[PDB]
């Protein structure tokens, strides 16, 4: 059955462009989910977050190491950005995820609630010694939450993600509105 995915973003109060960006891309039973947060706020941050997302999309199915290394190259000379990507291979029942910087990922799975470890750094400026790719098993019903630091780590009550009285689209909007800081850009993806 289809993976339901909701996206929500909101600019920092007073800005007219959101400095965070989201990507959901479906490719032959493999789904990619990404959030980027351009350093700072406003249109220069937005430019960087969108460059990061566009770069990822162009690099899909070359492997996360390559994906993040090209992101870093395309972001040289810009604001820079931090970013997370989850690659969910539903057909083979596997996921991989990695994070450069402070995007937050949580994966609620039949195997347990798993929070992938971020590697410090800023794409475009300081690439980590090496990317730490978390790996796990996926089965239908597992939930993925990704958000920028517009929402504090651990702010979202987990059980809300298993509430199917709201759609994923409705749920990420509620999450962004309840938990999103108004002094920063906010971006959230939920997939289930």
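Positions refer to the first chain, counted from 1.
- According to the PDB record, 25-33 carries the higher mean C-alpha B-factor of the two stretches 41-49 and 25-33.
- For the segment pair 139-147 and 62-70, the entry gives 62-70 the higher mean B-factor, averaged over Cα atoms.
- The PDB entry assigns residue 90 a C-alpha temperature factor belonging to the middle third of its chain's modelled residues.
- Remark: residue 115 belongs to the lowest third of its chain, ranked by C-alpha B-factor as recorded.
- Annotation for residue 102: CA B-factor lies in the middle third of the chain's modelled residues.
- Ranked within its chain, residue 11 lands in the middle third, by CA B factor from the PDB record.
- When the modelled residues of the chain are ordered by their C-alpha B factor, residue 122 lands in the highest third.
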